[PDB]
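Colleague: My structure is below; once you've seen it, I'll send some questions.
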Amino acid sequence: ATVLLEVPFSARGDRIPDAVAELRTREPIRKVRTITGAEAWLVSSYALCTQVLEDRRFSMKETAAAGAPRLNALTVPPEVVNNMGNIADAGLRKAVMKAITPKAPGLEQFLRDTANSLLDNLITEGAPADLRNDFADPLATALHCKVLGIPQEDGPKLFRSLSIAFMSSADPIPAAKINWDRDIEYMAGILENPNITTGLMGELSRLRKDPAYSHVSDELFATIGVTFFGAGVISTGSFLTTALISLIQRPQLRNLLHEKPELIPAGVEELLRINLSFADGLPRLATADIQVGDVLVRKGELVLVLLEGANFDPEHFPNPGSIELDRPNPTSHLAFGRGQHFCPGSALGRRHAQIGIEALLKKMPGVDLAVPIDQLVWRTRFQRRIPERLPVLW
Ligand code: HEM
Ligand SMILES: O=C1N[C@@H](Cc2ccc(O)cc2)CN[C@H]1Cc1ccc(O)cc1
């Protein structure tokens with residue numbers, strides 16, 4: 001006798017498990033057990049993943065309902081699971097989007113200057129260098145302080161909440177509440193700080209005093225700052241880190257992008273497609289009985305949309321494990337999701353990775369791992385797959 005298949009399969013972000021293609025072929029929707037002990041439906045084909053993400057009856061908000069089967073414990077208040085819905089209901093979606101575009105004057109130059117400064121410091125210090133802790137994550141942090149309009153010196157402490165805030169735990173996490181409440185207090189102070197007049201927080205600060213937003217809660221305004229900092233920093237830092245591994249393990253591609261940097265955007269789109277940064281499927285709770293492939297999902301059941309299931313599906317992306325810069329459907333991957341909850345920071349995430357990679361290839365054309373790849377230490381029970389350190393030489 002064996003127990004029901006458990007998720008996630010592996011915390012490693014450098015290889016996709018063979019089990020993914022086996023499930024996709026044999027049972028592209030099948031029952032699994034999550035870390036909390038709940039059962040869920042794991043969806044692993046492109047066709048079924050998109051079906052779920054495109055049907056709002058598979059609800060993100062309802063995953064926070066008391067008594068629901070859970071993928072993991074909440075690390076935020078339950079209402080914050082509906083964060084984007086709350087922002088939209090407050091009439092703030094357009095303003096938040098506009099504030100997080102990479103097209104803001106001087107923003108791309110700031111990303112370039114910051115990436116170049118971080119790389120120059122690594123070169124001065126000498127190999128080995130840690131590309132996660134001393135490149136990708138500080139670049140993500142600096143970017144988000146700039147986008148938010150908050151002091152660069154405040155970034156490191158906000159960043160240190162993230163190793164806990166983005167845990168994927170079976171049980172509630174006491175430290176997550178301590179950090180959440182403290183970070184909310186910080187953002188509430190930013191809204192009242194007369195010096196904060198730029199970026200997302202400067203815009204929220206002004207809208208907060210505009211009569212057309214007088215009944216939007218101060219709780220929501222502070223929550224937008226904490227959540228966009230956290231989601232953006234963890235997602236960009238983690239994606240860039242693991243994309244650097246994907247690139248370092250593909251020296252022919254690395255050489256091609258070094259030689260022809262105009263191919264970097266197409267390269268980043270493929271690095272997004274093959275990315276294993278999301279450690280768990282995207283969760284949704286069924287609000288009705290809905291047929292998904294051979295399974296009638298019942299109201300109240302949990303569904304997990306496995307992004308690498310979709311993104312490595314050979315029926316949608318032939319030769320899925322290969323980075324091919326001339327695919328006919330290059331942006332049709334699910335790295336930023338699909339449907340109602342499509343990533344609001346997608347353009348900024350793409351630009352962060354493009355500039356980070358462009359700068360690294362110019363500064364360190366000979367970049368390579370400084371340890372055998374198996375020696376990377378993959379963070380466990382986390383919402384992202386990331387190596388704890390990424391030691392390189394050049
Ligand atoms: C490479 C970088 C990024 C990746 C791969 C990524 C990926 C994703 C994915 C897959 C989703 C959909 C989740 C779902 O449907 O359950 C999402 C949602 C979200 N992301 Fe991103 N993200 C990235 C960057 C960012 C940035 C830069 C920000 C903000 C500054 C951001 C903010 C958010 C937020 C707030 C949501 C929730 C949207 C909703 O619920 O409607 N992301 N992201
Ligand atoms: O915008 C959001 N949208 C939802 C997206 C979501 C839903 C369910 C999950 O299992 C994971 C993420 C959750 N809260 C935020 C993301 C977030 C989470 C934790 C933090 O400490 C900071 C920012």
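Numbering starts fresh at 1 for the residues of each chain in the structure tokens, the chains themselves are lettered A, B, ... in the order given, and ligands are numbered from 1 as they appear.
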So which residues touch stretch 216-224 of chain A within 12 Å, counting only C-alpha atoms, skipping near sequence neighbours fewer than 5 positions away, as a ChimeraX atom specification?

Modeller: /A:76-77,79-93,95-97,99-100,148,180-192,200-211,229-232

Colleague: Compile the contact shell of residue A:63 as an NGL selection string: residues with an atom at most 12 Å away, counting only C-alpha atoms, same-chain residues fewer than 6 positions apart removed.

Modeller: :A and (40 or 57 or 69-74 or 78-82 or 282-287 or 299-304)

Colleague: Keeping only C-alpha atoms, write those residues as an mmCIF file, in the first residue's frame.

Modeller:
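Writing the result to part.cif gives the following:
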```cif
data_model
loop_
_atom_site.group_PDB
_atom_site.id
_atom_site.type_symbol
_atom_site.label_atom_id
_atom_site.label_comp_id
_atom_site.auth_asym_id
_atom_site.auth_seq_id
_atom_site.Cartn_x
_atom_site.Cartn_y
_atom_site.Cartn_z
ATOM 1 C CA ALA A 40 -6.753 18.715 -4.145
ATOM 2 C CA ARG A 57 -16.001 29.961 -10.800
ATOM 3 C CA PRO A 69 -9.200 22.464 1.892
ATOM 4 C CA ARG A 70 -5.897 24.390 1.901
ATOM 5 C CA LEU A 71 -2.733 24.272 -0.151
ATOM 6 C CA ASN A 72 -0.870 26.002 2.725
ATOM 7 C CA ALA A 73 -1.573 28.250 5.686
ATOM 8 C CA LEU A 74 -2.440 31.912 5.182
ATOM 9 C CA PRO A 78 -7.959 36.351 4.776
ATOM 10 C CA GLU A 79 -9.319 39.505 3.121
ATOM 11 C CA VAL A 80 -5.865 40.137 1.617
ATOM 12 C CA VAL A 81 -6.179 36.952 -0.471
ATOM 13 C CA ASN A 82 -8.680 39.106 -2.446
ATOM 14 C CA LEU A 282 -1.818 28.230 -8.292
ATOM 15 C CA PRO A 283 -4.743 27.519 -5.957
ATOM 16 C CA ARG A 284 -8.428 27.998 -6.710
ATOM 17 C CA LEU A 285 -11.571 26.862 -4.889
ATOM 18 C CA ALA A 286 -14.486 25.585 -6.975
ATOM 19 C CA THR A 287 -17.692 27.584 -6.406
ATOM 20 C CA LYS A 299 -18.121 22.836 -5.248
ATOM 21 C CA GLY A 300 -15.757 23.488 -2.339
ATOM 22 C CA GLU A 301 -12.818 21.481 -3.728
ATOM 23 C CA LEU A 302 -9.309 22.824 -4.186
ATOM 24 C CA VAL A 303 -7.685 22.917 -7.607
ATOM 25 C CA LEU A 304 -3.969 23.492 -8.166
#
```

Colleague: Counting only C-alpha atoms, what is within 12 Å of residue A:107, bar same-chain residues fewer than 2 positions away, as a PyMOL selection string?

Modeller: chain A and resi 99-105+109-114+142-149+199+348+351-352+355

Colleague: Of the residues A:236, A:25, A:340, A:163, which is the one nearest to residue A:53, using only C-alpha atoms?

Modeller: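 Among A:236, A:25, A:340, A:163, it is A:340 that comes nearest to residue A:53.
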
Colleague: Have a look at A:343, A:266, A:305, A:367 and name the one nearest to residue A:251; count only C-alpha atoms.

Modeller: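 Ranking A:343, A:266, A:305, A:367 by distance to residue A:251, first place goes to A:367.
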
Colleague: Do you know which residues are at most 10 Å from residue A:333 counting only C-alpha atoms, after dropping those on the same chain fewer than 5 positions away, and could you put them as an MDAnalysis selection string?

Modeller: chainID A and resid 46 50 269:270 272:274 307:308 310:312 316:317 338

Colleague: Can you work out which one of A:261, A:197, A:118, A:41 has the shortest atom-to-atom distance to residue A:298, counting only C-alpha atoms?

Modeller: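 Closest to residue A:298, using only C-alpha atoms: A:41.
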
Colleague: What are the DSSP alpha helix (DSSP H) residues of stretch 107-338 of chain A, as JSON, numbers by chain?

Modeller: {"A": [107, 108, 109, 110, 111, 112, 113, 114, 115, 116, 117, 118, 119, 120, 121, 122, 123, 124, 125, 137, 138, 139, 140, 141, 142, 143, 144, 145, 146, 147, 148, 155, 156, 157, 158, 159, 162, 163, 164, 165, 174, 175, 176, 177, 178, 179, 180, 181, 182, 183, 184, 185, 186, 187, 188, 189, 190, 191, 192, 199, 200, 201, 202, 203, 204, 205, 206, 207, 208, 218, 219, 220, 221, 222, 223, 224, 225, 226, 227, 228, 229, 230, 231, 232, 233, 234, 235, 236, 237, 238, 239, 240, 241, 242, 243, 244, 245, 246, 247, 248, 251, 252, 253, 254, 255, 256, 257, 258, 259, 264, 265, 266, 267, 268, 269, 270, 271, 272, 273, 307, 308, 309, 310, 311]}

Colleague: What parts of stretch 3-51 of chain A does DSSP call strand (DSSP E)? I'd like the answer as a list in words.

Modeller: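 Strand (DSSP E) assignments inside stretch 3-51 of chain A correspond to residues 29, 30, 31, 32, 33, 39, 40, 41, 42 and 43 of chain A.
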
Colleague: Based on the selection just made, write N, CA, C and O atoms of those residues as a PDB file, in the first residue's frame.

Modeller:
```pdb
ATOM      1  N   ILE A  29      -5.577  15.797 -14.880  1.00  0.00           N
ATOM      2  CA  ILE A  29      -6.200  16.273 -13.654  1.00  0.00           C
ATOM      3  C   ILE A  29      -6.285  15.073 -12.736  1.00  0.00           C
ATOM      4  O   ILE A  29      -6.891  14.053 -13.094  1.00  0.00           O
ATOM      5  N   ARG A  30      -5.667  15.149 -11.586  1.00  0.00           N
ATOM      6  CA  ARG A  30      -5.674  13.988 -10.695  1.00  0.00           C
ATOM      7  C   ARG A  30      -5.567  14.435  -9.242  1.00  0.00           C
ATOM      8  O   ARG A  30      -5.073  15.533  -8.947  1.00  0.00           O
ATOM      9  N   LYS A  31      -5.989  13.568  -8.338  1.00  0.00           N
ATOM     10  CA  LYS A  31      -6.022  13.925  -6.931  1.00  0.00           C
ATOM     11  C   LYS A  31      -4.667  13.822  -6.300  1.00  0.00           C
ATOM     12  O   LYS A  31      -3.934  12.870  -6.581  1.00  0.00           O
ATOM     13  N   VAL A  32      -4.344  14.762  -5.415  1.00  0.00           N
ATOM     14  CA  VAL A  32      -3.090  14.802  -4.674  1.00  0.00           C
ATOM     15  C   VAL A  32      -3.394  15.221  -3.244  1.00  0.00           C
ATOM     16  O   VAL A  32      -4.486  15.729  -2.968  1.00  0.00           O
ATOM     17  N   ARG A  33      -2.402  15.089  -2.380  1.00  0.00           N
ATOM     18  CA  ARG A  33      -2.503  15.573  -1.004  1.00  0.00           C
ATOM     19  C   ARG A  33      -1.510  16.717  -0.824  1.00  0.00           C
ATOM     20  O   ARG A  33      -0.334  16.604  -1.195  1.00  0.00           O
ATOM     21  N   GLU A  39      -6.895  17.156   0.419  1.00  0.00           N
ATOM     22  CA  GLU A  39      -6.733  16.664  -0.937  1.00  0.00           C
ATOM     23  C   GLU A  39      -7.107  17.810  -1.905  1.00  0.00           C
ATOM     24  O   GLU A  39      -7.798  18.792  -1.559  1.00  0.00           O
ATOM     25  N   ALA A  40      -6.584  17.700  -3.109  1.00  0.00           N
ATOM     26  CA  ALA A  40      -6.753  18.715  -4.145  1.00  0.00           C
ATOM     27  C   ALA A  40      -6.652  18.068  -5.499  1.00  0.00           C
ATOM     28  O   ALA A  40      -6.138  16.940  -5.633  1.00  0.00           O
ATOM     29  N   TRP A  41      -7.109  18.782  -6.517  1.00  0.00           N
ATOM     30  CA  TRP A  41      -6.951  18.333  -7.897  1.00  0.00           C
ATOM     31  C   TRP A  41      -5.757  19.041  -8.500  1.00  0.00           C
ATOM     32  O   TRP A  41      -5.775  20.282  -8.627  1.00  0.00           O
ATOM     33  N   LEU A  42      -4.751  18.295  -8.938  1.00  0.00           N
ATOM     34  CA  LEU A  42      -3.578  18.859  -9.605  1.00  0.00           C
ATOM     35  C   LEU A  42      -3.796  18.806 -11.105  1.00  0.00           C
ATOM     36  O   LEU A  42      -4.039  17.731 -11.666  1.00  0.00           O
ATOM     37  N   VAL A  43      -3.728  19.974 -11.744  1.00  0.00           N
ATOM     38  CA  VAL A  43      -3.961  20.143 -13.180  1.00  0.00           C
ATOM     39  C   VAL A  43      -2.642  20.418 -13.856  1.00  0.00           C
ATOM     40  O   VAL A  43      -1.940  21.349 -13.486  1.00  0.00           O
TER      41      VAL A  43
END
```

Colleague: Quick one: pull the distance between atom CA of residue A:123 and atom CA of residue A:244, Å, one decimal.

Modeller: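 Computed distance, atom CA of residue A:123 to atom CA of residue A:244, equals 17.1 Å.
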
Colleague: Provide the atom CA of residue A:154 to atom CA of residue A:126 distance in Å, to one decimal place.

Modeller: 27.5 Å

Colleague: Given the choices A:257, A:196, A:178, A:127, which gets closest to residue A:371 if the distance is worked out from only C-alpha atoms?

Modeller: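 Among A:257, A:196, A:178, A:127, it is A:127 that comes nearest to residue A:371.
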
Colleague: Between atom 3 (C, counted along the ligand's line) of ligand 1 and atom CA of residue A:341, what is the distance in Å, rounded to a tenth?

Modeller: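 Atom CA of residue A:341 lies at a distance of 12.6 Å from atom 3 (C, counted along the ligand's line) of ligand 1.
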
Colleague: Identify, on the basis of only C-alpha atoms, every residue whose closest approach to residue A:375 does not exceed 10 Å; exclude the query and any residue fewer than 5 positions from it along the same chain; express the result as a ChimeraX atom specification.

Modeller: /A:370,387,389-391

Colleague: Given the choices A:212, A:48, A:290, A:226, which gets closest to residue A:150 if the distance is worked out from only C-alpha atoms?

Modeller: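 Residue with the minimum atom-to-atom distance to residue A:150: A:226.
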
Colleague: Do you know which residues are at most 12 Å from residue A:394 counting only C-alpha atoms, after dropping those on the same chain fewer than 2 positions away, and could you put them as JSON, numbers by chain?

Modeller: {"A": [119, 122, 123, 126, 127, 128, 129, 130, 131, 248, 360, 361, 362, 363, 364, 365, 366, 367, 368, 369, 370, 391, 392]}

Colleague: Write out as a PyMOL selection string the residues lying within 12 Å of residue A:259, counting only C-alpha atoms and excluding same-chain residues fewer than 3 positions away.

Modeller: chain A and resi 252-256+262-264+358+361-362+365
